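Visitor: This is the structure, below, for whatever I ask next.
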Amino acid sequence: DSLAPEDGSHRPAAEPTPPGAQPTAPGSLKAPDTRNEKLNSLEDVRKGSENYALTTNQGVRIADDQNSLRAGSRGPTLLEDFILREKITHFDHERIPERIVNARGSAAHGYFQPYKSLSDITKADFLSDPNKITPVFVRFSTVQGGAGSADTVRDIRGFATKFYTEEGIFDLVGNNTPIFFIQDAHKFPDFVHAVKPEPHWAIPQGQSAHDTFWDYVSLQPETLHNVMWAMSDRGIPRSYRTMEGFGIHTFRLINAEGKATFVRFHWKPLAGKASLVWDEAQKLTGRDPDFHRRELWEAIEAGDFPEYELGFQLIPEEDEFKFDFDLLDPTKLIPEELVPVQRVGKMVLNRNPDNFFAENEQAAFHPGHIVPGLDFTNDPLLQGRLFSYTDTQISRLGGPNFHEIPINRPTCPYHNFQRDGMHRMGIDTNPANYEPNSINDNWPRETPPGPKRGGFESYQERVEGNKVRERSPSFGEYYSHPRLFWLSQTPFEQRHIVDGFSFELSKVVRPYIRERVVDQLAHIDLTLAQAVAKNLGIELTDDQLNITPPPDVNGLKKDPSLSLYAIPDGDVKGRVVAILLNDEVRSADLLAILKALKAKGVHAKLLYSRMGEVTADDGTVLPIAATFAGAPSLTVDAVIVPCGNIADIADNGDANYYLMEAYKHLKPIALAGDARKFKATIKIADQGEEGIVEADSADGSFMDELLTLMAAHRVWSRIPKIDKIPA
Amino acid sequence: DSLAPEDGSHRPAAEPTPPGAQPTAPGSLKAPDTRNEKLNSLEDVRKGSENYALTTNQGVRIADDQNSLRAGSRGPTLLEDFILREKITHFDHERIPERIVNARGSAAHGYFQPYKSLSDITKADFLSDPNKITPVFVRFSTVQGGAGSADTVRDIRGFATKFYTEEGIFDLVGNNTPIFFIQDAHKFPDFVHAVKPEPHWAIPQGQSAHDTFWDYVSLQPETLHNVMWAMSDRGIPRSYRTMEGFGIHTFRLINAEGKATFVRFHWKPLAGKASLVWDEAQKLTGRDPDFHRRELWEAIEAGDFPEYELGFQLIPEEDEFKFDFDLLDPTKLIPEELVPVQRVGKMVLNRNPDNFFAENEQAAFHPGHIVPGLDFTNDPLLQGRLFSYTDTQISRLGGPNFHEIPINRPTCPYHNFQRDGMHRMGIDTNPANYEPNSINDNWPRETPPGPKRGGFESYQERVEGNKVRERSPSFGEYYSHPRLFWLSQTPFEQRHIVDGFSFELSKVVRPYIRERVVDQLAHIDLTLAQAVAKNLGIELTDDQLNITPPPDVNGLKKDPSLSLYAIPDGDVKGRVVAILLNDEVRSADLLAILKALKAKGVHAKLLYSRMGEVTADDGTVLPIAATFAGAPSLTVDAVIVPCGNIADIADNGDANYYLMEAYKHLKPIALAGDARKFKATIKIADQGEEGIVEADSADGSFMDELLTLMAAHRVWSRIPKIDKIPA
Amino acid sequence: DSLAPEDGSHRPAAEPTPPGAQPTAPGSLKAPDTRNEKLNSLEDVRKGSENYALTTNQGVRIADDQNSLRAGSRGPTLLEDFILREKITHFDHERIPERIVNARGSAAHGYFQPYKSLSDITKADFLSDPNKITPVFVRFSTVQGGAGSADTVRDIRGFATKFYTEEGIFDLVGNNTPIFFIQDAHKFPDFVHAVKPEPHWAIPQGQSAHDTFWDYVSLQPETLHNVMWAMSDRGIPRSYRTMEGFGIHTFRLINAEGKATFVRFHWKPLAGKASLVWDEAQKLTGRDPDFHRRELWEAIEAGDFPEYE
Amino acid sequence: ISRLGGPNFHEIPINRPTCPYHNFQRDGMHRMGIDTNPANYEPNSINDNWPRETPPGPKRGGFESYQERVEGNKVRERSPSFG
Ligand code: HEM
Ligand code: HEM
Ligand code: HEM
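Rendered as structure tokens:
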């Protein structure tokens, strides 16, 4: 109809722009030049739209897409309207089953590149040449909730990477915590059923705060390690860009000589580690249930590409038994103070998808998708995972040919004797559909193992024992890793952990379940146990108070790599600041604030009590991003209030509340000139306090103080001060 | 490896070769230069094989495809064998549901072209110019049987054509008889359940000769007309090349002025019409159940392209009620005496598929797929057909994106706002997935109806009446069309119809049902009635004898276009002759025989009592295509026995039976020199018999009498003489 | 309504009758007194028909099952005809994928009874008591052909028995020859692809007589033992009642003490062994493609019950 | 049918009518009912046409649509009164 506005304002600029600045859009419309080989091979299935006639699926042009065919304009719909019928039919079949676990996820395209050849330890082609680029597709996710639940729940996050190598798809399907809850895959369905919504009423969504989770945990102490991690701030990351990633299981690297090495896979966030605080995370599920999805997407459109360093913990075959814990036990971490992570390569995520359904929702990852140069181990959880995935994927995607869906295909077409199945797209021409054959001179052919481009051979690990359904006795230790984790956290991290356990156990209706969790916490650490106990109105028995603590892990009293914050790794590029305007902002302060933010790659959003524009003292017209209520403090990393007619907003409940919520959630607050009248709102002494930047104006110094606070992410020293303000 | 023979005799030549000369092969390897737009756009999905490494579906190379992974070479299979599991999994899911009806079918690629422009009567783009070449994909099929049943059963045949036009797909989904068994689609599941295998035990396959079929026919006299056609020789085609094709329903052609014309579609075989005889047909379901599928594929590989003339019966709107039957009643035909068929264009099938499953099994046809220039009518069977197809196709193929399976795709990409669904291949980039929208400037957009390239508009037919579940009174006449068909058949064709009803009714267990059918035949024609009654040991009653025959159809009393044979139209090109050899063949006859057959494009198969070769009297070395028992006479159109050492085979029971069988089935037999010794086996008088070529040697003249007989297909005058042939 | 004949000859006698005397019927109407534990528990799902009104799937009675709803008796069919839509819709979805292998098969219900207690060698509840009977469900089949293929082809036959024991279902999934064609399950799809119809033209149905099968056999000599049996008259049995059956693999019997014993399972036809000859078998696929299915069902209706040891 | 898995979704417990339904529809994925009707079509004489159509009436009758008069041309048009 030519409904677009005459001005071109409906379509974003195909260049990197700041979050909130332009309508977001499909990846290849937004960043047409961001390319790689996999992204280039997808061009054959991308479809355009502009300037085409509207058609049926069979190519017939549609004249009237507003009406059904009927006998009279007020008469009955006629069965012969095939156009109406195809439209409703497709719509009626849009949905597919969501993943059993990790149904909520957000994904992006990018590339990986190794720093140096790793040929001495692995013949994996993607690790052999630093001038070589392997396209990747990453999907991050939550675990428990549906595809439509909230992003910022407390939970473990999945972190799956598909590597389209030259010798096959390698999928590195890991999580954001280095261990899992259970030891043997046989218990996956019991554990997952316990954390998922309870069967009689399907409640609660996206939460482990319910009886069944804690019943299970209280009966299966192998779970306490990963439960500590989830109860901590690790359970509620600030963003997918600011969390670690782990393969979890011990795998094998295999070189050209046949030497096998043990490896654990790590991803280090180049943006540093950072998480929200519980009240903030919970509230954020209400105000913006898509916060992680949006943030990841907008980060990529702004050019703040999520960057991660692939790292390896390497353990020679001869040191297999040299630890306190079993290397093949997935509830056990390998302390970096014992086995350091070696830097291997870098992954950059620089393009969003075009169609979430087509690329994200249909993407299929599998930990069994390994390439020559890698191999498994006998880890019993990994071993049972090797059976799931493909199984579930055919159910979910419609057939065994789901490897032909565009996102899932290798960069080089495969050749084998597999035929038919639902929705077969390739048309095979080989005369032979079996091997060995003589009618196609045996093609395609087997390829011996070799140093490069050889066929897949499993490592000839020795196998010895009886056929038994038995847990290895070396896996029977459950409290020493949870304790190592506990001792490595800072004091404010310990309290957050205490509050995580306290909050969750309080949603457990059956009191005895709470008491049993407390009993288990008393086997990890007495100080942890007493503080949780106290929050539940429980007193430990004398016996509980004398439980002897678990042994150290290989003599360690702590390991600082396990804390999010003990060792500062801050980075503010990509963070965002809220700027509370008034109806006559001193433009001098605004100019100084925005330019300083911009120099460090920090984003800003101009907020007011209404939408539209406000005009600064010199006549500068300032466009408003969102209102105070519309873009709450939960969504920003810090707040700045410029001088101006402060009386315009000083009595605005939403304005004041904005600073109270941000102060409560430990965020840096900066007040310029008369904005300092808000100090009374958050009870700040005349003197001032650490975490509150204030001055007569927003000069250079003022912005450097604010940015330094931003580099340390939150104002932990404010904790005792927040207790009292009602917010 | 190198399993193929060093001579290179595993590969068939990429040139037209006669039936059984070379191993058959996928169309693209057999005839790589036979092309059309559709065939060329499928090129992006065709896969090679030669010279490729064997890989998983993820592209990982397989070293050993002979063995499962185990703990020790005599041990248990390990769950971690992802190669085995991938291979078994895909194998586990190969099969998809067969079509509910017309499961058994054979298909080929080709092209259509009009003879002249039809723009005075339709704006359909494919009919607009004789230079407009339209790619087609045709699927011929039986109706009742499963995907694995026999080709030469007695049954109706389906004849489906997919036209890939420049304005969308138009599927012409017809049968090989001009009417259907029932009038309203409400009864399709009742009719089909009655003809299909009975529910308690699932017998019988591919046969209407059981009680439920004949019970339903006896209780539903609307069925009698198509029943007549099925029981005639029309029900047992020689081949898909030698049968007619019909759309059955009256449709509409709409021109650019908006004028509507009623039309019925015809497909006229340029190879002419030909059918087997019942016992040959039933015997052939056991010696070669794939006969028709085989013959179609090999005709094409030989360059004997199946060719059909598209024909239209055109009826002015104003003539709607000018006949003594309803135009909209699908159990009524339109005699070509009353409304002649106008030749409109020709279709040629010239290329077999590459993979049966991918292109034939997954093909989807819909009578509802029409294009501007065409429209429906109120025919109640066609109307209800538009509630089916799509629905069934989504459960067979697996999803609402089956239009994206390569064979089903329109030549040019479609644009609409439909999204997702299982196995979505298209990656959409439109910022808008709805309309109207301003964010993509309302694209893709509607297009008004017009002369060419316009959107679809239904002809505005007036609808008047009450919402009722009621049969039109005009449709209640069930006997005059069956009688017209009966009076138009030759006397041997009449006799074949009697035998069909008699044979079928003999298999009905409940005698009362046999009598109810005979009672129906008495309403059609007394002679047919008595003849069937007599074969069942039934005596017509007094009352049945005085039944007045139904009225003539618009004065007609026969219509030679309804008979298969009344008007000679045979074609010998592509037929096959069996040549019975001996160890001392007279090479003077072979050359002459082969020189004469090849001049009229008749193929030959050299048959002996063992395989390998025989040596001619002059030393010519003859390769044997098959044995007498391996390639029985049922598979040829005529049998020739050249002179030589007849003593070598005169006492061969297989040789003698071959001629007795060919004789009984009315096929031409040629006997040279001492071959006239075989006359005794088929008891032929010394002066000879019309239909038995005999001469002193196989000269030109002898070959000419053989070719002339073959042009007449079968020797109808031998019928009375086969009675006393124990074969 | 009065469609059945007045004499009542539309209905088969509910008693053992010989082949072709009466129209065959569903077992429970043919032999209502026949019973076993599994046949009795299938009762809650069986449905009658006589004297019931015709209804939709939601229980709405149907008045006119002959016509679609339209605007005028000659007018267009309306989308609001929910009775027509349901009927066509269920019809449209009737078929399911056939089995990958063994798609063509015939089955029947029955019972098993051990001659004596086997507790010395196995703790299996179904072999512990001679007065204890186990309901079974057996399906015989060919291997290569589709569900609509012919019975008397030359092929191996499947012999599968479902034991409904008191401690769980035990399925004995065997064949009518004591060995299989291949050694490692990894090659099953290769082998099966070779015997099945060749990929380009989907020919030939229900036959191993084509190039790919013999090619595979010639390159894989492990197949020659089962090939020998298939090329013999074992490949074309007279009936499923007159062929042997085998588990093929060595399994294990475990007693209460934990003592293992190697075992191979066998089925002996009390009717003895009998096969057709090649030409009779091939012509039969043309004259009666359902010969073995018919024969089995008819033997049961006649009281000539398939018996196996 | 796509969501729940087949045309027999009326047989999932929660969806079943209180009184058994009877018709000639057969098969489909996950068929729970075991039909014993000798006939799977109508009209049939082998089960004396059961189950049968029931004429409409005041109580317990077959479904009959109201006979609304239909008048107009086949159009893809919004009624102007809806505007
Ligand atoms: C170390 C332990 C595990 C980790 C790190 C892990 C990780 C993941 C991740 C990240 C995903 C989502 C991938 C995506 O975004 O599509 C996922 C999905 C899944 N996981 Fe695992 N998982 C673990 C254990 C298991 C086990 C023991 C099983 C069962 C044997 C299992 C079964 C599944 C299934 C069935 C899916 C859905 C996949 C799909 O629908 O494509 N997981 N897992
Ligand atoms: C004049 C009457 C009819 C004719 C000539 C006819 C013709 C055909 C043909 C030729 C096919 C097979 C196409 C192929 O090769 O894939 C077919 C399939 C089919 N027909 Fe029709 N048919 C008729 C009536 C009906 C009716 C009344 C219905 C239901 C109301 C129906 C339902 C179907 C279904 C469900 C299929 C299977 C479609 C698929 O799975 O792709 N047919 N019919
Ligand atoms: C000793 C060798 C084997 C024997 C005796 C055997 C026997 C059978 C039988 C009798 C059936 C049909 C059962 C029925 O009536 O439903 C069958 C089905 C089947 N077999 Fe086996 N088979 C053998 C080897 C294999 C192997 C090695 C595989 C795969 C690795 C396999 C996969 C299948 C499949 C996929 C089916 C279809 C079953 C269904 O859909 O319900 N068979 N087999």
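So the sequences go chain by chain: D, B, C and A. Residue numbering for the first sequence follows the authors' numbering, beginning at 27 and increasing consecutively. Residue numbering for the second sequence follows the authors' numbering, beginning at 27 and increasing consecutively. Residue numbering for the third sequence follows the authors' numbering, beginning at 27 and increasing consecutively. Residue numbering for the fourth sequence follows the authors' numbering, beginning at 420 and increasing consecutively. Where a beta carbon is used, it is the ideal one built from N, C-alpha and C, also for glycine.
1) Distance, Cα to Cα, residue 635 (chain D) vs residue 671 (chain D)?
2) At a Cβ cut of 9 Å, what residues of the region 103 to 119 of chain D count as close to chain B, listed as they run along the chain?
3) Residue 293 (chain C) lies in the beta strand (DSSP E); which residues open and close that run?
4) When the Cα of residue 237 (chain C) is compared with those of D:457, D:64, D:80, which residue comes out closest?
5) Could you give the distance in angstroms between the alpha-carbon of residue 688 (chain B) and the alpha-carbon of residue 659 (chain B)?
6) For residue 175 (chain D) and residue 183 (chain D), I'd like the C-alpha separation in whole angstroms.
7) Measure the C-alpha to C-alpha separation of residue 328 (chain D) and residue 267 (chain D) and round it to an integer number of angstroms.
8) Could you tell me which of D:94, D:108, D:109 sits nearest to residue 102 (chain D), measuring between CA atoms?
9) Which of helix, strand or coil does DSSP assign to residue 52 (chain D)?
10) Going by beta-carbon coordinates alone, are residue 423 (chain B) and residue 122 (chain B) separated by less than 8 Å?
11) Among B:348, B:89, B:180, which has the Cα closest to the Cα of residue 580 (chain B)?
12) Apply the 10 Å Cβ neighbour rule to residue 571 (chain B) and answer buried if 16 or more other Cβ atoms are within range, or exposed otherwise.
13) Can the beta-carbon of residue 546 (chain D) be found closer than 8 Å to that of residue 359 (chain D)?
14) Would you check if the distance between the CB atom of residue 600 (chain D) and the CB atom of residue 330 (chain D) is smaller than 8 Å?
15) Who are the Cβ neighbours of residue 426 (chain D) in its own chain at under 6 Å, not counting the five residues just before and after it?
16) Quick one: which chain C residues come within Cβ less than 7 Å of residue 453 (chain A)?
17) Inspect the beta-carbon positions of residue 206 (chain B) and residue 157 (chain B) and report whether they are closer than 8 Å.
18) Identify the contact partners of residue 78 (chain C) in chain A, using a Cβ-Cβ distance below 7 Å as the criterion.
19) Closest to residue 72 (chain D) by CA distance: which of D:81, D:55, D:720, D:83 is it?
20) State yes or no: is the beta carbon of residue 492 (chain A) nearer than 8 Å to at least one beta carbon in chain B?
21) Opposite residue 492 (chain B) in the DSSP bridges: which residues?
22) Show which residues of chain C have a CB atom less than 9 Å away from the CB atom of residue 417 (chain B).
23) What does residue 414 (chain B) reach in chain C if we use C-beta pairs closer than 7 Å?
24) Kindly list, in the order they appear in chain C, the residues whose Cβ is closer than 9 Å to that of residue 311 (chain B).
25) Do the CB positions of residue 701 (chain B) and residue 667 (chain B) come within less than 8 Å of each other?
26) Any chance the region 479 to 486 of chain A sits against the region 69 to 84 of chain D, with 3 or more Cβ pairs inside 8 Å?
27) When you check each C-beta in the region 220 to 233 of chain B against every C-beta of chain A, which residues fall closer than 7 Å?
28) Does the beta-carbon of residue 186 (chain C), which I'm using as the reference point, lie nearer than 7 Å to any heavy atom of ligand 3?
29) With 16 other CB atoms within 10 Å as the buried threshold, where does residue 736 (chain D) fall?
Guide: According to the data block:
1) Residue 635 (chain D) and residue 671 (chain D): Cα-Cα distance of roughly 14 Å.
2) 104, 105, 106, 107, 108, 109, 111, 112, 113, 115, 116, 117, 118, 119
3) 286 to 293
4) Of D:457, D:64, D:80, the residue nearest in Cα terms is D:457.
5) 6 Å
6) Rounded to the nearest angstrom, the two C-alpha atoms are 14 Å apart.
7) 14 Å
8) D:94
9) coil
10) Taking a C-beta distance under 8 Å as the contact criterion, residue 423 (chain B) and residue 122 (chain B) qualify as a contact pair.
11) That would be B:348, whose Cα lies nearest to the Cα of residue 580 (chain B).
12) Burial check for residue 571 (chain B): the Cβ neighbour count within 10 Å stays below 16, so the residue is exposed.
13) no
14) yes
15) 420, 447
16) 68, 71, 72, 73
17) no
18) 441, 469, 470
19) Comparing Cα positions, the closest option is D:55.
20) yes
21) A:488
22) 114, 115, 118, 119
23) 114, 118
24) 176, 311, 312, 313, 315
25) yes
26) no
27) 220, 225: these are the residues of the region 220 to 233 of chain B whose beta carbon lies less than 7 Å from some beta carbon of chain A, given in chain order.
28) yes
29) buried
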